[PDB]
Amino acid sequence: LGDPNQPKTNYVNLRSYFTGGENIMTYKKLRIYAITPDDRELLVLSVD
Amino acid sequence: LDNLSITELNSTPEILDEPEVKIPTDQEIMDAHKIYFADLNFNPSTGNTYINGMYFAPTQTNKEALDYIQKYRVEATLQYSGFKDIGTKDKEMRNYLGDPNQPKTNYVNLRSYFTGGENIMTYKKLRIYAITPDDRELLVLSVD
Amino acid sequence: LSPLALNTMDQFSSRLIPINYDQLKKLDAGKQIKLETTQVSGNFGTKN
């Protein structure tokens, strides 16, 4: 949450992904997959 | 039956091979430059909107084709002069759109070319030729 | 085994190898640095 007191946690920088500089809309479809070291992916987040 | 046993086995081969160079074809080089952005200069007096430079957006497929190309040759139209060649220069590899988060991609700095200090007009003739290490130039952007 | 790293130029391995601004710009343009071996120093074995 940007708190200096809070510990460091997993963060996904969506601004660094393969977009053409376009904005990412809220309250639209959005899926995030967590890829294990064993090349296995899991749907850990879904927003519709 | 005889001599039944269970043993641990240890073997750690990771890759055992490396990819080839796989130099791109001309069509791949041309498609690597299909998406682009024009860096503009707008100091407001009366709609100046002059070109500063040219980006080439990175995709999920054009990495090896974009890193294969340097030495872009530009033919643009100056404010006072007409359409003319302005030389050949190496690329610059700036962050895409100036975003600190976006990766570094090919950048054509049109202010460093052989202009007489004149701005480069928008919506006029503009040709950029990608030059391969094989000394062959390919037209990768046409604006008329 | 992985190759050994060479990143110091002083006799005591305390000073890194620098490059200029223009050399860095050349590297950013895709140019590659070659390596040339000029001489090798070594020893041979005998019986005392």
# chains A, B, ... in the order shown; residues from 1 in each chain; ligands from 1

$ residues_around --residues "stretch 81-93 of chain B" --least-positions-apart "4" --cutoff "12 Å" --atoms "only C-alpha atoms" --output "VMD selection string"
(chain B and resid 53 to 58 66 to 77 97 to 98 102 to 121 124 to 132 137 144) or (chain C and resid 22 24 to 31)

$ select_by_dssp --residues "chain C" --states "helix (DSSP H, G or I)" --output "PyMOL selection string"
chain C and resi 21-28

$ write_last_selection --atoms "C-alpha atoms" --output "PDB file, in the first residue's frame"
ATOM      1  CA  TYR C  21      29.673   8.285 -22.874  1.00  0.00           C
ATOM      2  CA  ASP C  22      30.261   7.856 -26.616  1.00  0.00           C
ATOM      3  CA  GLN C  23      31.411   4.248 -26.203  1.00  0.00           C
ATOM      4  CA  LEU C  24      28.274   3.554 -24.162  1.00  0.00           C
ATOM      5  CA  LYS C  25      26.154   5.126 -26.914  1.00  0.00           C
ATOM      6  CA  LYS C  26      27.902   2.908 -29.469  1.00  0.00           C
ATOM      7  CA  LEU C  27      27.054  -0.101 -27.299  1.00  0.00           C
ATOM      8  CA  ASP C  28      23.427   1.072 -27.190  1.00  0.00           C
TER       9      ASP C  28
END

$ residues_around --residues "stretch 20-37 of chain A" --least-positions-apart "3" --cutoff "9 Å" --atoms "only C-alpha atoms" --output "PDB file with N, CA, C and O atoms, in the first residue's frame"
ATOM      1  N   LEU A  14       1.529  -3.313 -13.868  1.00  0.00           N
ATOM      2  CA  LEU A  14       0.796  -3.391 -15.125  1.00  0.00           C
ATOM      3  C   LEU A  14       1.232  -2.329 -16.125  1.00  0.00           C
ATOM      4  O   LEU A  14       0.958  -2.474 -17.320  1.00  0.00           O
ATOM      5  N   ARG A  15       1.893  -1.266 -15.668  1.00  0.00           N
ATOM      6  CA  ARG A  15       2.414  -0.256 -16.581  1.00  0.00           C
ATOM      7  C   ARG A  15       3.605  -0.748 -17.392  1.00  0.00           C
ATOM      8  O   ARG A  15       3.930  -0.138 -18.414  1.00  0.00           O
ATOM      9  N   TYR A  17       3.860  -3.867 -18.747  1.00  0.00           N
ATOM     10  CA  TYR A  17       3.511  -4.991 -19.599  1.00  0.00           C
ATOM     11  C   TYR A  17       3.442  -4.551 -21.059  1.00  0.00           C
ATOM     12  O   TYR A  17       3.602  -3.375 -21.395  1.00  0.00           O
ATOM     13  N   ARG A  40       3.423 -24.232 -14.503  1.00  0.00           N
ATOM     14  CA  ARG A  40       1.996 -24.403 -14.275  1.00  0.00           C
ATOM     15  C   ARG A  40       1.405 -23.062 -13.868  1.00  0.00           C
ATOM     16  O   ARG A  40       1.962 -22.371 -13.010  1.00  0.00           O
ATOM     17  N   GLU A  41       0.287 -22.693 -14.484  1.00  0.00           N
ATOM     18  CA  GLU A  41      -0.349 -21.414 -14.221  1.00  0.00           C
ATOM     19  C   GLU A  41      -1.716 -21.619 -13.584  1.00  0.00           C
ATOM     20  O   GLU A  41      -2.402 -22.613 -13.842  1.00  0.00           O
ATOM     21  N   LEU A  42      -2.099 -20.669 -12.734  1.00  0.00           N
ATOM     22  CA  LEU A  42      -3.329 -20.737 -11.963  1.00  0.00           C
ATOM     23  C   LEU A  42      -4.044 -19.398 -12.037  1.00  0.00           C
ATOM     24  O   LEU A  42      -3.409 -18.343 -11.958  1.00  0.00           O
ATOM     25  N   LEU A  43      -5.367 -19.441 -12.176  1.00  0.00           N
ATOM     26  CA  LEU A  43      -6.174 -18.223 -12.236  1.00  0.00           C
ATOM     27  C   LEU A  43      -6.405 -17.733 -10.815  1.00  0.00           C
ATOM     28  O   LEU A  43      -7.366 -18.118 -10.148  1.00  0.00           O
ATOM     29  N   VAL A  44      -5.509 -16.860 -10.344  1.00  0.00           N
ATOM     30  CA  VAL A  44      -5.578 -16.371  -8.970  1.00  0.00           C
ATOM     31  C   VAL A  44      -6.359 -15.073  -8.832  1.00  0.00           C
ATOM     32  O   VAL A  44      -6.600 -14.627  -7.700  1.00  0.00           O
ATOM     33  N   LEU A  45      -6.761 -14.448  -9.936  1.00  0.00           N
ATOM     34  CA  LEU A  45      -7.533 -13.217  -9.860  1.00  0.00           C
ATOM     35  C   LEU A  45      -8.444 -13.105 -11.072  1.00  0.00           C
ATOM     36  O   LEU A  45      -8.014 -13.334 -12.205  1.00  0.00           O
ATOM     37  N   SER A  46      -9.701 -12.746 -10.821  1.00  0.00           N
ATOM     38  CA  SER A  46     -10.675 -12.533 -11.882  1.00  0.00           C
ATOM     39  C   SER A  46     -11.532 -11.332 -11.519  1.00  0.00           C
ATOM     40  O   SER A  46     -12.056 -11.258 -10.406  1.00  0.00           O
ATOM     41  N   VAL A  47     -11.663 -10.394 -12.455  1.00  0.00           N
ATOM     42  CA  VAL A  47     -12.482  -9.201 -12.272  1.00  0.00           C
ATOM     43  C   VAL A  47     -13.326  -9.005 -13.522  1.00  0.00           C
ATOM     44  O   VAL A  47     -12.791  -8.951 -14.634  1.00  0.00           O
ATOM     45  N   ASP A  48     -14.638  -8.895 -13.340  1.00  0.00           N
ATOM     46  CA  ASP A  48     -15.552  -8.728 -14.463  1.00  0.00           C
ATOM     47  C   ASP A  48     -16.406  -7.476 -14.292  1.00  0.00           C
ATOM     48  O   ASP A  48     -16.109  -6.426 -14.862  1.00  0.00           O
TER      49      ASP A  48
ATOM     50  N   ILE B  35       4.277  -0.790 -35.942  1.00  0.00           N
ATOM     51  CA  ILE B  35       3.737   0.068 -34.892  1.00  0.00           C
ATOM     52  C   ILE B  35       4.800   1.086 -34.510  1.00  0.00           C
ATOM     53  O   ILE B  35       5.962   0.727 -34.285  1.00  0.00           O
ATOM     54  N   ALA B  57       7.467   0.799 -31.367  1.00  0.00           N
ATOM     55  CA  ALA B  57       6.957   0.114 -30.190  1.00  0.00           C
ATOM     56  C   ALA B  57       7.440  -1.334 -30.156  1.00  0.00           C
ATOM     57  O   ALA B  57       7.479  -2.003 -31.196  1.00  0.00           O
ATOM     58  N   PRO B  58       7.816  -1.849 -28.984  1.00  0.00           N
ATOM     59  CA  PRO B  58       8.172  -3.265 -28.872  1.00  0.00           C
ATOM     60  C   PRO B  58       6.949  -4.140 -28.651  1.00  0.00           C
ATOM     61  O   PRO B  58       6.024  -3.796 -27.911  1.00  0.00           O
ATOM     62  N   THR B  59       6.950  -5.288 -29.311  1.00  0.00           N
ATOM     63  CA  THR B  59       5.878  -6.264 -29.197  1.00  0.00           C
ATOM     64  C   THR B  59       6.451  -7.556 -28.621  1.00  0.00           C
ATOM     65  O   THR B  59       7.602  -7.611 -28.181  1.00  0.00           O
ATOM     66  N   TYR B  96      10.241   3.472 -24.301  1.00  0.00           N
ATOM     67  CA  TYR B  96       9.097   3.709 -25.169  1.00  0.00           C
ATOM     68  C   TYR B  96       8.195   4.793 -24.593  1.00  0.00           C
ATOM     69  O   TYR B  96       7.828   4.752 -23.415  1.00  0.00           O
ATOM     70  N   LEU B  97       7.846   5.768 -25.432  1.00  0.00           N
ATOM     71  CA  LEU B  97       6.995   6.906 -25.092  1.00  0.00           C
ATOM     72  C   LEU B  97       7.536   7.734 -23.933  1.00  0.00           C
ATOM     73  O   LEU B  97       6.800   8.550 -23.367  1.00  0.00           O
ATOM     74  N   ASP B  99       8.197   6.628 -21.042  1.00  0.00           N
ATOM     75  CA  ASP B  99       7.717   6.058 -19.790  1.00  0.00           C
ATOM     76  C   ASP B  99       8.853   5.332 -19.078  1.00  0.00           C
ATOM     77  O   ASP B  99       9.509   4.479 -19.684  1.00  0.00           O
ATOM     78  N   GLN B 102       8.064   1.428 -19.333  1.00  0.00           N
ATOM     79  CA  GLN B 102       8.120   0.710 -20.592  1.00  0.00           C
ATOM     80  C   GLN B 102       9.568   0.372 -20.950  1.00  0.00           C
ATOM     81  O   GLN B 102      10.494   1.084 -20.554  1.00  0.00           O
TER      82      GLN B 102
END
